[PDB]
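Contents: one structure, followed by commentary.
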Amino acid sequence: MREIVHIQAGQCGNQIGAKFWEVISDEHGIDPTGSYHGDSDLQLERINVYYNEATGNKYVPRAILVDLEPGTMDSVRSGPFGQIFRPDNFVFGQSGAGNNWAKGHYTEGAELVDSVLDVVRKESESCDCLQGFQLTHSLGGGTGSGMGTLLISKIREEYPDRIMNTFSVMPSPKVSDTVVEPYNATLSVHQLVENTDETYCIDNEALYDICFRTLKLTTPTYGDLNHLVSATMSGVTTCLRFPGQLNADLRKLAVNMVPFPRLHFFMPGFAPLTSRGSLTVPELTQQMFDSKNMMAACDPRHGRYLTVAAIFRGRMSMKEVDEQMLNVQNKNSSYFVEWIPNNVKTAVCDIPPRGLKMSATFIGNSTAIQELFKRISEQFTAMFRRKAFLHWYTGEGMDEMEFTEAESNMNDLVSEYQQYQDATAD
Amino acid sequence: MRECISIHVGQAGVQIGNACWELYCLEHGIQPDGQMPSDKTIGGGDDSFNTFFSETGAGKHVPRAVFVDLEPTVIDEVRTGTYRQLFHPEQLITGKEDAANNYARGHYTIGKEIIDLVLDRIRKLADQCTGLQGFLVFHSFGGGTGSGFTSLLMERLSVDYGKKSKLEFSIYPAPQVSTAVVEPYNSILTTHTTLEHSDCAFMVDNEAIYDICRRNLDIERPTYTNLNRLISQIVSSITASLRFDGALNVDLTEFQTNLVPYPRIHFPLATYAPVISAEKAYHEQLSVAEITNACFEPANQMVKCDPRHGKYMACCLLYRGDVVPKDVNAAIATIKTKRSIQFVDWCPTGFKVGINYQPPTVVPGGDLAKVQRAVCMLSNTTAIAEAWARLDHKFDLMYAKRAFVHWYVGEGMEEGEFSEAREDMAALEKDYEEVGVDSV
Amino acid sequence: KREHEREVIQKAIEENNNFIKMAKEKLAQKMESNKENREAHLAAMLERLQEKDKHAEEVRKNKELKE
Ligand SMILES: C=C(CC(=O)OC)C(=O)N[C@@H](c1ccccc1)[C@@H](O)C(=O)O[C@H]1C[C@@]2(O)[C@@H](OC(=O)c3ccccc3)[C@@H]3[C@]4(OC(C)=O)CO[C@@H]4C[C@H](O)[C@@]3(C)C(=O)[C@H](O)C(=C1C)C2(C)C
Ligand SMILES: Nc1nc2c(ncn2[C@@H]2O[C@H](COP(=O)(O)OP(=O)(O)OP(=O)(O)O)[C@@H](O)[C@H]2O)c(=O)[nH]1
Ligand SMILES: Nc1nc2c(ncn2[C@@H]2O[C@H](COP(=O)(O)OP(=O)(O)O)[C@@H](O)[C@H]2O)c(=O)[nH]1
Ligand SMILES: [Mg+2]
Ligand SMILES: [Mg+2]
């Protein structure tokens with residue numbers, strides 16, 4: 001069919017990647033041993049997109065696990081679905097990256113990238129018609145941030161006409177203590193603006209706020225944050241994994257969502273979200289468009305929507321979905337740019353998630369995403385103002401010009417979002 | 001002799017082709033395995049239905065059709081569907097990667113890899129014809145294959161089959177069932193590129209069909225299956241003159257003479273009646289007068305526009321079923337006294353009538369009631385330019401910001417092709433204004 | 001009248017052949033122009049990426065010098 005190759009890099013990348021494979025394996029009826037045990041042929045119709053079929057009627061994720069230290073991938077292999085992954089697709093070093101983008105991008109990460117590229121080629125060469133790649137990683141560390149973006153550039157060199165998609169976890173002081181994350185994130189975003197086609201912005205600040213304020217979790221853990229991510233990743237990949245008319249492949253999704261090449265950073269959302277200590281189509285619609293349900297710490301009412309994709313899951317009235325989707329658009333027409341007519345697209349999938357009878361997934365390309373990049377830029381400049389902690393990076397051969405260039409590119413990206421937010425038709 | 005080759009391009013063209021060929025088989029008594037127990041001419045013949053069906057020595061009646069799509073999943077349903085035995089595998093052509101709702105990919109990047117094979121297969125069908133009359137091309141405006149590959153195919157057909165007639169059934173986009181933001185781009189690009197290569201194009205506004213299904217068939221949320229069964233009835237009415245013979249039967253090319261006054265002005269407005277549920281038809285017998293009156297209700301048009309705000313250049317009535325000229329003439333006389341029908345000053349005001357006697361039929365399990373008589377009106381009205389205006393306006397909104405244009409340039413297209421296409425549409429709109437201004 | 005009759009049908013033949021010829025040449029130009037444009041865009045992309053590869057080697061070379 002149209003195969004996707006999945007890559008997970010670094011600690012965060014491998015942990016959210018493992019949770020993604022657990023969730024969609026349950027949806028497609030695949031057990032930890034790779035055998036199908038579902039009850040619906042719809043589970044197998046597009047299984048080729050993410051799984052290879054091996055000997056013995058077993059399904060193996062088209063997934064590559066990358067890290068510069070063995071720790072996280074050891075726990076994945078010893079995890080719930082650790083036995084489903086191809087053992088030859090574990091590629092790891094020993095030196096680690098020390099939360100250093102330069103180490104991931106230029107030194108230790110560059111030492112290992114050729115070994116990762118070897119397994120990418122084997123998975124791609126066994127594809128009937130490869131459509132592209134999806135990468136899971138964080139931007140605040142060293143391996144997922146530095147080596148992840150190095151992988152993106154090197155893969156793009158060998159597959160320049162394929163779609164590059166990432167799930168990029170943005171750092172926040174509410175989750176991580178390390179001080180150099182604004183540096184690592186700014187250097188990474190500079191790469192993502194140039195070399196990816198579509199990026200889901202998974203903001204750890206939004207994940208924390210949802211767990212704390214909405215879910216009433218006093219001390220959110222990484223498991224709590226990743227629980228939100230796996231539900232979101234299952235939602236935004238539903239159109240790729242099940243028969244459907246809308247955004248059924250990575251390229252059609254990109255053509256619908258990206259009106260300008262650099263503005264390809266999506267705000268994802270999910271509904272319902274409520275604490276455990278306590279549903280209609282109209283309520284699903286209003287929640288999915290509410291700022292509290294967004295996985296990027298941005299208020300969409302502070303900007304305007306370029307494009308939106310909405311996916312409803314479960315058994316429900318399509319007529320009601322159609323009415324409510326046009327209802328929210330007409331009532332909030334100020335927040336959708338008028339010079340992109342019919343910029344909101346809606347899909348409905350009959351098979352709902354495990355524990356819910358109805359759910360909704362939101363994918364927004366909003367100019368309000370600049371609030372996320374402004375937050376990172378503010379933290380970057382507060383440190384770069386005083387050349388703080390730079391020796392970790394210049395010691396690997398980097399020059400200060402590369403920081404200045406990365407900062408200017410992200411400020412340029414912010415200016416671009418504001419330009420199209422202010423643009424008018426008449 | 002007088003054979004017609006149908007070409008179905010992309011998902012919309014293929015799925016509509018499925019509906020049309022299923023309906024044709026029911027109208028002609030052709031079984032899903034291609035056998036036709038009424039056709040005593042085994043392996044050949046010059047019957048009227050032979051314009052659309054060839055015949056093998058084993059008695060199979062094979063559609064003179066090619067199905068083409070740049071991805072396989074839609075045509076794969078034909079290969080395994082109820083009418084799989086109807087087609088030979090060579091008539092069903094698929095690639096592995098579609099045009100991604102991008103005209104540039106259907107016309108250039110992906111389409112160029114399969115165009116030669118498609119032409120070879122069309123040539124195989126043409127070689128079996130003793131007097132090929134032309135082609136019928138089914139496609140969407142909005143899809144990357146329906147827009148881009150169709151225009152490439154139409155360009156190549158003009159080279160390989162000179163001026164042999166090419167007619168279109170084109171699916172005009174509607175937001176209720178649209179899948180791509182860039183459909184206005186694809187629509188303008190393919191309309192510009194195909195304009196000089198098409199002799200006659202019947203546009204089908206998905207929103208008009210959607211509204212008819214909701215209003216007349218009580219369907220809450222019509223699907224493509226709902227839309228395509230209605231569309232196939234309209235297509236069948238238009239092609240009925242080619243597939244059946246009779247003494248009141250007027251050939252489509254004779255209607256075409258009246259419908260195309262200038263080469264570019266070749267977009268007839270189709271209106272069809274009656275569209276009625278079985279629960280409503282069970283009481284009423286709708287007369288010739290009632291179905292004829294319904295042809296002048298704008299709610300029954302296949303393209304949303306207001307002919308009361310334009311001028312007519314031609315009016316054709318294609319009846320099928322239990323209809324005699326006496327009742328047609330009385331119905332037309334009533335219509336002219338009570339209806340807003342203004343012609344341009346340079347064309348005759350009469351109505352051209354054809355009657356095909358075999359009654360219409362319906363696919364089992366459908367929503368349309370089986371009626372004793374139906375009618376399709378084909379009019380050439382300046383009001384159909386309203387459909388171009390709506391598309392041109394959505395084009396202008398996005399192109400002024402160059403929104404999504406990088407997807408087309410990335411596949412080798414130039415910005416000049418956008419403006420060249422848009423200027424051709426502007427001239428076409430001005431052409432429709434000019435034809436409707438009184439002489440001096 | 002006979003010579004006018006032959007001139008009419010010769011004109012019809014010439015117009016049809018010229019329509020075929022011009023449609024053939026225009027399509028050949030479009031496909032060649034499109035092929036050149038798309039290959040030029042891919043080449044610009046790969047050259048930008050190769051500029052990044054050399055920069056990765058200057059960084060590694062610069063780290064080695066400061067040891
Ligand atoms: C895979 C897992 C868990 C895991 O092991 O990951 C590997 C999973 O959760 N999948 C689900 C899914 C969703 C979309 C696509 C695919 C799958 C689903 O099918 C399910 O089971 O939801 C779970 C999730 C819940 O925990 C819970 O949320 C949380 O407390 C929580 C804590 C931290 C982070 C996130 C949530 C959940 C919420 O979250 C959801 C998702 O609904 C939150 O607000 C939502 C409203 C729900 O009513 C409410 C409140 C529940 O009360 C409900 O009783 C329940 C269900 C229906 C749980 C209590 C068991
Ligand atoms: N009436 C009708 N319209 C359809 C059908 N299928 C698709 N469409 C319309 O066609 C347009 C989308 O084009 P498609 O035909 O699906 O795309 P395609 O030709 O296959 O081209 P690509 O998939 O981009 O390669 C939208 O306006 C749809 O509403 C159908 O079966 N019936
Ligand atoms: N949501 C989420 N974020 C994580 C997880 N693990 C690490 N992070 C974030 O990732 C950043 C650290 O990057 P890390 O993955 O440890 O660096 P690397 O392993 O060298 O690539 C911090 O900002 C963390 O908040 C996780 O499991 N879930
Ligand atoms: Mg860590
Ligand atoms: Mg298609």
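Letters A, B, ... mirror the listed sequences (proteins, then strands); counts begin at 1. These values consider heavy atoms only, across backbone and side chains, with no hydrogens, waters or symmetry-generated copies.
Comparing B/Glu220, B/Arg402, B/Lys401, B/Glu183 by how many heavy-atom pairs each has under 4.5 Å with chain A, the most go to B/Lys401. Looking only at heavy-atom pairs under 4.5 Å with chain B, the residue among A/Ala254, A/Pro259, A/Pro243 that has the most is A/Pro259. Comparing A/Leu246, A/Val258, A/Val255 by heavy-atom pairs within less than 4.5 Å of chain B, the highest count is held by A/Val255. Contacts with chain B were tallied for A/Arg162, A/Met257, A/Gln131; A/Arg162 has the most, counting heavy-atom pairs under 4.5 Å. Chain B forms the most heavy-atom pairs under 4.5 Å with one residue out of A/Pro261, A/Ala425, A/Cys129, and that residue is A/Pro261.
The contact between B/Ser178 and chain A is made by backbone and side chain atoms together, counting heavy-atom distances below 4.5 Å. Contact annotation for B/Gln11: only side-chain heavy atoms (C-beta onward) come within less than 4.5 Å of a heavy atom of chain A. Both the backbone and the side chain of B/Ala180 come within contact range of chain A, judged by heavy atoms closer than 4.5 Å. With a threshold of 4.5 angstrom between heavy atoms, B/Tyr399 does not approach chain A through any atom at all. Looking at A/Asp128, the atoms closer than 4.5 Å to chain B (heavy atoms on both sides) sit in the backbone and in the side chain alike. Within the 4.5 angstrom heavy-atom criterion, only side-chain atoms of A/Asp322, from C-beta onward, approach chain B.
Using a 4.5 Å heavy-atom cut-off against chain B, the contacting residues of residues 325-349 of chain A are A/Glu338, A/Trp339, A/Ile340, A/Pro341, A/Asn342, A/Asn343, A/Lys345. Using a 4.5 Å heavy-atom cut-off against chain A, the contacting residues of residues 94-101 of chain B are B/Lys96, B/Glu97, B/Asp98, B/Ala100, B/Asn101.
Minimum heavy-atom separation, A/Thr307 to B/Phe404: CG2-CZ, 3.8 Å.
With values rounded to the nearest 0.5 angstrom, A/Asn256 atom CG is found 7.0 Å from B/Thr179 atom OG1. Atoms CZ and OG1, on A/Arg2 and B/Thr73 in that order, are 10.0 Å from each other to the nearest 0.5 Å.
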